[PDB]
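Input: a single structure, listed below in structure tokens.
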Amino acid sequence: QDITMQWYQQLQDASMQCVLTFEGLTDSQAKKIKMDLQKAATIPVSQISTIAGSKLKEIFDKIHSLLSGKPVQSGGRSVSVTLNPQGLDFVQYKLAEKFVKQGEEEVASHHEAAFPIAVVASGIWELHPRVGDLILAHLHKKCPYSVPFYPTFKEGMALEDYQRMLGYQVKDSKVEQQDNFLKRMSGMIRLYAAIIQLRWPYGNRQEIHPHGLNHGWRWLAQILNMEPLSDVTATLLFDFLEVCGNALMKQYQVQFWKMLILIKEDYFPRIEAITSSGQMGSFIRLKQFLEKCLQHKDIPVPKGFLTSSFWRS
Amino acid sequence: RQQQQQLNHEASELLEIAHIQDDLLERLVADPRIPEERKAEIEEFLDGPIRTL
């Protein structure tokens, strides 16, 4: 997976170059500006789950306006980014991470919210590809299983530093649990699995999807050609196919079913050996989801998918 | 004639068992309600020497 890890490093170190570009943003009024941008660049993403589709275009334009140079209403006074080169590079970073935090602390709790957040992330990525590379940067670090790559336990570094690589949320004191960590990882790739299939409707876009559905085929191929982890793999595989299996079936008619009549024969027996009966909850539901789909020859539309009824009311 | 019949009888019984085993293996592999992980395990133990009833 050298090809993928090189591309992975590019987005990582390239986001690190962004960590260096606005270090000057790290006075009494200069602190007011930093908060005003961090504030007026993360509230809109938090309301995407709680709005009507008829109104959802308001948030898209409000993000597009603030980010394109135009002003936006934050509180009472108006905020802008024009002639604010660090504020521009600062908003793209916090915006890209807020999209991931929402997939981390909302999509984990409520799977339906992935799609209204994905379309908005997909349209902004479309108009501003730099924001999208920052979206992949944070998604990759917070969730390395979305690259995908399984970090290995290494000698010479502390254990706590290794647990963070795995994506475990740790306060300075201790590491987060595993059950709450599996939810954070699920919600993050259900969001990602929704992004690679949905497209912002309005705007009259001539070009291709920013992060197309092609990245969904390789991801499934790239995690099934490596040995599975005990509980993560069987979980993340399910909540990925449930979200993006339908869109992947239509694009690749016969090639997707060949990949699906394979996991039942080859990759499913592999998961039984590595996992004790005490934590089979991932693999057991991975089959319940298929057995229906296999005999039905169809993957249900993800529960929460956006319909036309959503865009009018 | 006795030695012929005893061999024709052993081959007839083993052929009856073998056909049962072949009908099973085929049906199990094709069954939608069987997980893939198990099918590979079934193919290993049934696509070889003939098993007891």
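Letters for chains follow the order of the structure tokens (A, B, ...), residue numbers begin at 1 for each chain, and ligand numbers begin at 1 in the order shown.
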
Can you pull out every residue within 7 Å of region 87-93 of chain A, counting only C-alpha atoms, but drop anything in the same chain fewer than 2 positions away, and send it as a list in words?
->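 Final neighbour list, sorted by chain and number: residues 22, 37, 38, 41, 67, 81, 84, 85, 95, 96, 97, 131 and 134 of chain A.
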
Output the contact residues of chain A with respect to chain B at a cut-off of 9 Å, based on only C-alpha atoms, as a JSON list (two decimals) with C-alpha atoms, in the first residue's frame.
```
[["chain", "number", "residue", "atom", "x", "y", "z"],
["A", 261, "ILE", "CA", -20.15, -13.50, -3.00],
["A", 262, "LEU", "CA", -16.48, -13.54, -1.92],
["A", 263, "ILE", "CA", -16.66, -12.19, 1.64],
["A", 264, "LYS", "CA", -19.23, -14.86, 2.51],
["A", 265, "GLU", "CA", -16.95, -17.70, 1.35],
["A", 266, "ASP", "CA", -13.44, -16.38, 2.12],
["A", 267, "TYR", "CA", -13.35, -13.28, 4.34],
["A", 268, "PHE", "CA", -16.14, -14.30, 6.74],
["A", 269, "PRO", "CA", -14.43, -17.53, 7.91],
["A", 270, "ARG", "CA", -11.33, -15.38, 8.50],
["A", 271, "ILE", "CA", -13.14, -13.18, 11.02],
["A", 272, "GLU", "CA", -14.42, -16.16, 13.04],
["A", 287, "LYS", "CA", -24.06, -11.49, 7.92],
["A", 290, "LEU", "CA", -25.99, -9.70, 3.68],
["A", 291, "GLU", "CA", -28.25, -12.79, 3.80],
["A", 292, "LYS", "CA", -31.18, -10.49, 3.04],
["A", 294, "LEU", "CA", -27.79, -11.82, -1.16],
["A", 295, "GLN", "CA", -31.16, -13.49, -1.74]]
```

DSSP helix (DSSP H, G or I) residues within region 4-49 of chain B, listed as JSON, numbers by chain = {"B": [4, 5, 6, 7, 8, 9, 10, 11, 12, 13, 14, 15, 16, 17, 18, 19, 20, 21, 22, 23, 24, 25, 26, 27, 28, 29, 30, 36, 37, 38, 39, 40, 41, 42, 43, 44, 45, 46]}

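Every protein, DNA or RNA residue with an atom at most 12 Å from residue 46 (chain B), where only C-alpha atoms count and chain neighbours fewer than 3 positions away do not, is listed here: residues 17, 18, 19, 20, 21, 22, 23, 24, 25, 26, 27, 28, 29, 39, 40, 41, 42, 43, 49, 50, 51 and 52 of chain B.
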
At what distance in Å, to one decimal, does CA of residue 120 (chain A) lie from CA of residue 58 (chain A)?
->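 A separation of 10.8 Å between them.
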
Point-to-point distance from CA of residue 146 (chain A) to CA of residue 297 (chain A), Å rounded to tenths | 26.9 Å

Close residues, residue 70 (chain A) itself excluded, 10 Å, only C-alpha atoms, min 5 positions apart in chain, as JSON, numbers by chain | {"A": [62, 63, 64, 65, 79, 80, 81, 82]}

Neighbour list for region 110-119 of chain A as a list in words, cut-off 6 Å, only C-alpha atoms, skip fewer than 4 positions in-chain =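 That gives residues 49, 106, 191, 194, 195, 198, 199, 200 and 304 of chain A.
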
Extract, using only C-alpha atoms, all DNA, RNA and protein residues at most 12 Å from residue 247 (chain A), discarding same-chain residues fewer than 2 positions from it, and format them as a list in words.
-> residues 193, 194, 195, 196, 197, 198, 212, 213, 214, 216, 217, 240, 241, 242, 243, 244, 245, 249, 250, 251, 252, 253, 256, 298, 299, 300, 301, 302 and 305 of chain A

Grab the residues selected above and save them as a short mmCIF file (atom, residue, chain, number, x, y, z; two decimals), in the first residue's frame with N, CA, C and O atoms.
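And here is the file that came out, selection.cif:
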```cif
data_model
loop_
_atom_site.label_atom_id
_atom_site.label_comp_id
_atom_site.auth_asym_id
_atom_site.auth_seq_id
_atom_site.Cartn_x
_atom_site.Cartn_y
_atom_site.Cartn_z
N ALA A 193 -18.52 7.50 3.61
CA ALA A 193 -19.23 6.66 2.66
C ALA A 193 -20.42 7.38 2.03
O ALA A 193 -20.85 6.99 0.94
N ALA A 194 -20.96 8.40 2.69
CA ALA A 194 -22.02 9.21 2.10
C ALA A 194 -21.46 10.29 1.20
O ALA A 194 -22.09 10.65 0.20
N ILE A 195 -20.27 10.81 1.51
CA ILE A 195 -19.68 11.88 0.71
C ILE A 195 -19.36 11.38 -0.69
O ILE A 195 -19.59 12.08 -1.69
N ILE A 196 -18.82 10.16 -0.80
CA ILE A 196 -18.35 9.66 -2.09
C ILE A 196 -19.49 9.24 -3.02
O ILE A 196 -19.22 8.85 -4.16
N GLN A 197 -20.75 9.32 -2.56
CA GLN A 197 -21.90 8.97 -3.39
C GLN A 197 -22.85 10.13 -3.66
O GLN A 197 -23.57 10.08 -4.66
N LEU A 198 -22.89 11.15 -2.81
CA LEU A 198 -23.82 12.26 -2.97
C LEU A 198 -23.15 13.46 -3.64
O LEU A 198 -21.94 13.68 -3.51
N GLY A 212 -14.73 11.09 -5.95
CA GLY A 212 -15.73 10.27 -6.60
C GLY A 212 -15.95 8.93 -5.92
O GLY A 212 -15.25 8.52 -5.00
N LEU A 213 -16.96 8.22 -6.43
CA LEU A 213 -17.32 6.90 -5.95
C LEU A 213 -16.25 5.86 -6.27
O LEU A 213 -16.34 4.73 -5.77
N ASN A 214 -15.25 6.21 -7.07
CA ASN A 214 -14.14 5.29 -7.32
C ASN A 214 -13.38 4.99 -6.04
O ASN A 214 -12.96 3.85 -5.81
N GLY A 216 -14.55 4.57 -3.27
CA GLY A 216 -15.28 3.60 -2.48
C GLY A 216 -14.99 2.16 -2.86
O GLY A 216 -14.98 1.28 -2.00
N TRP A 217 -14.74 1.91 -4.15
CA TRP A 217 -14.40 0.56 -4.59
C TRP A 217 -13.05 0.13 -4.04
O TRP A 217 -12.92 -0.96 -3.47
N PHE A 240 -20.32 0.62 6.25
CA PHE A 240 -19.93 1.19 4.96
C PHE A 240 -20.81 0.66 3.83
O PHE A 240 -21.30 1.43 3.00
N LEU A 241 -21.01 -0.66 3.79
CA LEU A 241 -21.84 -1.25 2.73
C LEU A 241 -23.29 -0.84 2.89
O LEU A 241 -24.00 -0.64 1.89
N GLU A 242 -23.77 -0.71 4.13
CA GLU A 242 -25.14 -0.27 4.33
C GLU A 242 -25.35 1.15 3.82
O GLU A 242 -26.44 1.48 3.34
N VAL A 243 -24.32 2.00 3.90
CA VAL A 243 -24.42 3.39 3.48
C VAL A 243 -24.13 3.56 2.00
O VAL A 243 -24.76 4.37 1.32
N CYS A 244 -23.15 2.82 1.47
CA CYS A 244 -22.68 3.01 0.10
C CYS A 244 -22.76 1.74 -0.74
O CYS A 244 -22.26 1.73 -1.87
N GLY A 245 -23.37 0.68 -0.23
CA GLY A 245 -23.49 -0.53 -1.03
C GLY A 245 -24.45 -0.35 -2.19
O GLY A 245 -24.22 -0.89 -3.28
N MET A 249 -23.41 -0.82 -6.05
CA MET A 249 -24.02 -1.85 -6.88
C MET A 249 -24.39 -1.30 -8.26
O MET A 249 -24.14 -1.94 -9.28
N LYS A 250 -24.99 -0.10 -8.30
CA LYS A 250 -25.44 0.46 -9.57
C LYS A 250 -24.27 0.78 -10.49
O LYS A 250 -24.34 0.53 -11.70
N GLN A 251 -23.18 1.31 -9.94
CA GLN A 251 -22.05 1.72 -10.77
C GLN A 251 -21.30 0.51 -11.31
O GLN A 251 -20.91 0.48 -12.48
N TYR A 252 -21.08 -0.50 -10.46
CA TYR A 252 -20.39 -1.73 -10.83
C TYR A 252 -21.37 -2.88 -10.63
O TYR A 252 -21.49 -3.43 -9.54
N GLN A 253 -22.08 -3.25 -11.71
CA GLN A 253 -23.14 -4.24 -11.61
C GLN A 253 -22.57 -5.60 -11.22
O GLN A 253 -22.88 -6.12 -10.14
N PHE A 256 -19.31 -5.77 -8.38
CA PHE A 256 -19.62 -5.62 -6.96
C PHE A 256 -20.17 -6.91 -6.37
O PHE A 256 -19.82 -7.27 -5.24
N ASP A 298 -30.35 -7.15 -3.88
CA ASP A 298 -30.45 -5.70 -3.82
C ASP A 298 -30.06 -5.25 -2.42
O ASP A 298 -30.35 -5.94 -1.43
N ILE A 299 -29.41 -4.10 -2.34
CA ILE A 299 -28.99 -3.50 -1.07
C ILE A 299 -29.96 -2.37 -0.75
O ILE A 299 -30.10 -1.45 -1.57
N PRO A 300 -30.65 -2.40 0.39
CA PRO A 300 -31.59 -1.32 0.70
C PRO A 300 -30.93 0.04 0.63
O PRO A 300 -29.73 0.19 0.88
N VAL A 301 -31.72 1.05 0.27
CA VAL A 301 -31.21 2.42 0.33
C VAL A 301 -30.89 2.75 1.78
O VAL A 301 -31.65 2.35 2.69
N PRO A 302 -29.79 3.44 2.07
CA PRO A 302 -29.47 3.75 3.47
C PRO A 302 -30.61 4.50 4.14
O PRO A 302 -31.13 5.48 3.61
N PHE A 305 -31.42 8.43 3.75
CA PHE A 305 -31.06 8.99 2.45
C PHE A 305 -31.96 10.17 2.11
O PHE A 305 -33.16 10.17 2.42
#
```
